[PDB]
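Chains: A, B, C, D, E, F, G, H, I, J, K and L, in written order; residue numbering restarts at 1 for each.
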Amino acid sequence: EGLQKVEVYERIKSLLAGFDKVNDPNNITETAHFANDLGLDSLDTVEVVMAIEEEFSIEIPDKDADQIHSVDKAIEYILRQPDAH
Amino acid sequence: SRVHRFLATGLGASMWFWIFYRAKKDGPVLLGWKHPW
Amino acid sequence: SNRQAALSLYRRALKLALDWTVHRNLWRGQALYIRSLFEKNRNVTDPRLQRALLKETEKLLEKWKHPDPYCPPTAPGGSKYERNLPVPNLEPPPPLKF
Amino acid sequence: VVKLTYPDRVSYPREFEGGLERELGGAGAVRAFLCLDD
Amino acid sequence: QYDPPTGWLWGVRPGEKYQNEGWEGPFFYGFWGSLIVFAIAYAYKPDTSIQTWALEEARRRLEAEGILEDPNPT
Amino acid sequence: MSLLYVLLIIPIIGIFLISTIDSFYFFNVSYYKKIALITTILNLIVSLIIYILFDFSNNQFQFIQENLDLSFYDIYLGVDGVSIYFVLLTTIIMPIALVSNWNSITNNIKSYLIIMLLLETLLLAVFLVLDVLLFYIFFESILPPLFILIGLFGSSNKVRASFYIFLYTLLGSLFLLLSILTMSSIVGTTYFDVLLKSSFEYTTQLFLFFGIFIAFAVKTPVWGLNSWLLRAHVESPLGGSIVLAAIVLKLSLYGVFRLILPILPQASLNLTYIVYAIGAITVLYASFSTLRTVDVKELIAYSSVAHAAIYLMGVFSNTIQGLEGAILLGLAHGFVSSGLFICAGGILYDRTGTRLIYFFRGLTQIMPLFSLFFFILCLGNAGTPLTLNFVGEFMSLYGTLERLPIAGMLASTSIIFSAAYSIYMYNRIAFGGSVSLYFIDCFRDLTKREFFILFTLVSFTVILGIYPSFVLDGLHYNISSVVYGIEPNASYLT
Amino acid sequence: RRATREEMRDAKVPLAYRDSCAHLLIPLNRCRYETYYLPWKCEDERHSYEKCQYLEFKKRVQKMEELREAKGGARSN
Amino acid sequence: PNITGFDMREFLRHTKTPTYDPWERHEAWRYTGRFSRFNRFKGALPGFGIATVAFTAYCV
Amino acid sequence: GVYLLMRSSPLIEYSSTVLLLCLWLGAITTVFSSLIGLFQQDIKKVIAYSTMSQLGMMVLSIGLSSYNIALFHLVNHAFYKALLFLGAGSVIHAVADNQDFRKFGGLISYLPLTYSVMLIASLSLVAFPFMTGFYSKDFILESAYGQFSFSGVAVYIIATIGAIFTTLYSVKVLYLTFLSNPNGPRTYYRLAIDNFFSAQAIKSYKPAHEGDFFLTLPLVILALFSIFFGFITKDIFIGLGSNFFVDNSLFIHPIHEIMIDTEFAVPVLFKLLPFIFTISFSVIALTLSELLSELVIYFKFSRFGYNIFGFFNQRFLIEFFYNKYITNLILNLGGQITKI
Amino acid sequence: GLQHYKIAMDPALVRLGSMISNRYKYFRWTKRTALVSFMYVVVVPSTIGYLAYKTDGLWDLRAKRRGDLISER
Amino acid sequence: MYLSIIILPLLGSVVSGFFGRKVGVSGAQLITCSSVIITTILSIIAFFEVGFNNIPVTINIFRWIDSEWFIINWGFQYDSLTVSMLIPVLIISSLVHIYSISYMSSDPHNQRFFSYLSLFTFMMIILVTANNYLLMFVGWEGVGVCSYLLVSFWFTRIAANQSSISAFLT
Amino acid sequence: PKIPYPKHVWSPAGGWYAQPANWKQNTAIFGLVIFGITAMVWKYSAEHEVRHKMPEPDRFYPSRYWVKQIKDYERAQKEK
């Protein structure tokens, strides 16, 4: 009844496609890294979590905002927090 | 459920229609034109 | 050290601009201006300058701090936080006589 | 500001026939306005 | 959906039942029972308060005045 | 034979029975508790019968027995309006105190039960004797059974607690004894009827006031003389802690109705500003400290110091409302205080082994019934209406205010401050989180025994708070005899 | 005609309205009783009572046209 | 002054809708047909439109 | 508390001192409250602050020794204030229990009944003419000036700013929740008309729907009252010579009665002034949000405007001084006694 | 006596309670402390008692009409 | 009618609060809301009774505190202020009771919630129907206890705990 | 969803999501108890409600049908 695997992926997929700075919308997958796979950098990736938090209405602590560096970790980190709506 | 829209409009329509109606009769009195008597 | 803290203050900066300017149109211009400031001083190398530079912007975050920042309802400090907390120990009491 | 410019009263204190003497509690209670100083 | 009511009153699990400790008979039949029996008996205890005695006299004292029209004109 | 001697001898039969069954029949320790419990309930039955024959508007002492056997010291028993409700409260509390400690006393059960039965006879003799030397003989006779009860069944600091209560009580009493002796020399006796129609010199009254007031100030207790209570109420077993806070504290309140108001009228009137200074200082100081107390038992114990100051000021009001509310307050306090000690020293302590409020939090999640009664009990300690505590608080505060406005005003800050610590303690134990994380082992809620002794105590404080006329009715005529004053047009009528 | 106190204490009109015009207050308070105070029922005679309120008010505002000048336009309150 | 190149006036000067941002494609949904300046105030006074016609009919 | 003074009116009528403190306690409270409610970021906080401004309006009226108006306003406020709290309550329920204005907007198409009833409740609170709240609160303002005294005219001014800032918070609640651009996430707004989903079309939409029967029925019932109830009952409480409280329930002394002068002595402009100040200050609040809307941001970062934003958001700093000078001092006094 | 439930006894919390319990042994007569003891034991009761002395019998409300006074002294 | 307006909300709260195990959720709502709707009906009638007819009514049940000069009664006087004050209180309480069936339909402790607002209802009637200041104070103290118990309804939240101490102590 | 909770905790207000299987049967029983003593309260009130004014015969006043202090007045006035 809670957040599902298919729900989070399709929601996040439509989000990072909102950049004009990624390599291409077709270069994002479940295991896509924010730096090696798709085109971001040190300062862009932290804006992604500060948009992910907004569009899941949660709070990302600074200690846990650094391990998150790939789409797959974003998918699983959401599922670990039951407060996500 | 379109029933919610009808009650919203009805209350707004009933409200506003009241102000014009309550201004057609009581309006001149509080503007200093016509005393009630 | 000197890298994580810089990124943390970036989020705090964008968070505080939205907290003060509610309108998402207008914070977007503000947020774009902030990213320029972080990009401008990207190549600073000397650790003595890096620590001083980080210290200064912490005062800026303090000098324009919001009287009350936004906090999602389930977040610590949110409206719904700790509302219907379940019991920690679901197991029945052990057999004791009192 | 209000103290410097606030309007004077418009109407004289209402006159009361007999000052509401009996029905405000008699001479042992406060009475109403009746032919007093203004 | 709703759940059926649950819990162990007095801590007695559904398999077992409550076991008397030795204070129950004296407390319920003695202390509480005496307090109830005392209550009904109190309803028949004659009134001995100073007010109901003084209300009677004060009633006569005000009767011999303009207050409290007395039943008999003497 | 008088019913008043029946009150005194029944608990001695229980002592005889408990100590002798072993010879009559390895008797199970459960039988002694049933004997001790049945003994206390038979005593309540006689007290209920005495109260139903009692006359609420008689000035002569009732249920007296002819002696005609005059010795140097003789025991004369009588009961009037003021003393009867103190008698009923001892008889109502003693069965509950035994049932409260039913499972907690594990060793020396004869010793524990025999001391409690002895204490019931000794405590009841205090409110029943008709002599001021008899009064002192029984006021100080409880010291040995209380000393042994604390050291035999007390907690870790029991030796210090048992030394503090005996020495403070012994010292304050020796000052009361010197005053009682001076009166006997002047009048030739301390029998109530003879001594009550004595009018001492004012200077004598002043030195008689002091010493008597020195004693009662230590046993009230007033702030600055209250170190013994915090040591002895906390370290005492739950049953003895109930008797110490519900009955023992109320001997000095009743002692003002026999030793200060009817025979020291001028001194009481003149020295009221000293008493009201101590009382108002006590209310403030006893309230701020119990905000900071971290022992839950010490916190309930030391709120009694704050309520004892209120009815001590109401007993010096010289006002029929203050004097009656003082008795109502001391009567209601012995209900709520008994229940709170059960809640803290009996229910929390027996489950956790610790009295520190740090370890408790959110017990409502696990113990719905405990939070129910512990909340009504905290509302009573805060003087909320529909509770006899409110009526005693309200009436003795009006008398205090009407006697000395500024002292009554300062005393009237207990509406704020008593609620300040009763709800602060409630919201830290019952509320204020989910469940304390130091509880690695889930608890059980109130047992049937825990439920009944609490339900009985909140019942008395609520029925008597909705209809305080049950106590106030028999109290009106006799307290009329302890007021000092006249009216300019209602005195010396011819 | 003015309403004397004898039929005006019996009418149970409020103290602050015990004045000359209250003769029209007694009938006004009867419509309110009889018509459940509805503000569309005796507007006719309510206007009459409100009219006499105005005239007595006007006689009480013209009385300072000599009083205010007597004080030279000072603060009479 | 302000070794970090932050000036409040230029912060304030950059308070608008930017000509280009890396984020319109995700943020543009807010300023759309459902949430246009016109459709958002299309029903700010819900029943006002109908009442005006009804009131005119009563007057005539 | 308002009922206590109304009930005690036979006693307090015989001391003008307590009526003067009544008249100034309420005047200070009604403006102390409106100035705070404008800067609150929680919706329920704004409605709570509005409750205390109208409660000050009740206390101020009692100071005017007009207990009939206070009863009329205490009754009329009850009906529309509940509708505001209950209508807001459906807003918090529609979103994921969010209570911050910074996350609402555009919800008018999503909460059509909720917006309509909260708009009706808002006009009665601002005393838009011919509405339930209009007949009650606006008459206190006329009575305040109708009492031709320094204090009465003073607190007419004191309360006319309170009227202005009430309009401003009223707009803020109504605009930021429904009429503004979406400030919350997709979840509040993502309707099912657009697909946006491949295999999870059954769930994940939840676009802030309206309530059910039990949730909306009180809102419709409370709406009727806020449109008509004040007009129907205005003769019972206000009247000009009504005899409703002739059991000495509400006692007014002839000496300081101001009813006749309020209806006759007040100039026409002052009687109609709050209506002028409400329309003028409501369009400006609409003009300074989605029409100009920079000036607020300029002000919130102006050094002077920054401090007064935080002065009023932090509730006149009263709670800050209450804790460190009253409750902490009481807590430290206890520490001295226990330890020393 | 009877065993209780298992409690996660915090060593820091149990040593705070022991310190608070044992605190009385370490008190000393120092410069600040005598001021605190003098203030709350002497000065404050003396002030409260003195004002009670100077207001005793001063006021009475019992049946005071208009024309009488609250004061009697 | 004039003692049934007082007592009826008290019965709903007692059953909903002490036998909510037996009545369940929807039964507790049915009892508490019906006791308030019916009490609302009577207080509307009592408005026409007292106000529109100028007939106040007095009920003295028994005496609360008897001590020499002071005779405080459990007694109730309905007047024009009482019936007027009972209209908003009972009408809004009825609607909020109905509002809560769908609003708190997710919260687990739903019998305790409905028992508290039906207990607040009782106290607010006690306050305004009293003969004297002291019986009024029973409703005044009781409204504070009901407001405390409802501000700290979610008692596992520390914020609700601090806001309830503030409400009860201020 | 639904908050997990201990099944060993007994509450008088029910517990967490407590609805008995017999909720309707017991609600009926309690509703009769509430009605039964409310009528007793009604009976006591009608006998001790005291008035000093008598309602007009033509006026809506449902109190007239049970309260004794004016019920006897109507029949007493029906004697001329």
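Assume contacts are C-beta pairs under 8 Å (C-beta built on N, C-alpha and C of every residue); 3 or more make two chains touch, one makes a residue touch a chain.
In UniProt terms, the chains line up like this: C = NADH dehydrogenase [ubiquinone] 1 beta subcomplex subunit 9; F = NADH-ubiquinone oxidoreductase chain 4; G = NADH dehydrogenase [ubiquinone] 1 beta subcomplex subunit 7; J = NADH-ubiquinone oxidoreductase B15 subunit.
Legend note: the chain whose CA centroid lies nearest the centroid of all displayed protein CA atoms is K.
Interface comparison, I-J versus I-K: the higher count of C-beta contacts falls to I-K.
Remark: subunit E and subunit F have CA centroids separated by 23 Å (rounded to whole angstrom). Computed from the mean C-alpha positions, the centre of subunit G lies at a distance of 45 Å from the centre of subunit L. In subunit A, the positions touching at least two other chains are 14, 57.
Counting partners per residue, subunit G has 12, 15, 18, 33, 37, 46, 50, 54, 57, 61, 77 as the residues that reach two or more other chains. Among the residues of subunit B, those in touch with two or more other chains are 8-9, 11-12, 14-15. Across the complex, subunit I is touched by residues 285, 288-293, 420 of subunit F. Chain contact summary for the complex, subunit I toward subunit G: residues 148-150, 231-236, 239-244, 246, 252-254, 257, 259-261, 263-265.
By the touch criterion stated above, subunit I contacts subunit H in their complex at residues 105-106, 108-109, 112, 115-116, 119, 179-182, 186, 189, 191, 290, 294, 297-298, 301. Those residues of subunit K lying in contact with subunit L across their complex are 1-4, 7-8, 11-12, 15-28, 30-31, 34-35, 45, 48-49, 53-61, 108-112, 115. Chain contact summary for the complex, subunit A toward subunit I: residues 4, 6-7, 10-11, 14, 54-57, 85.
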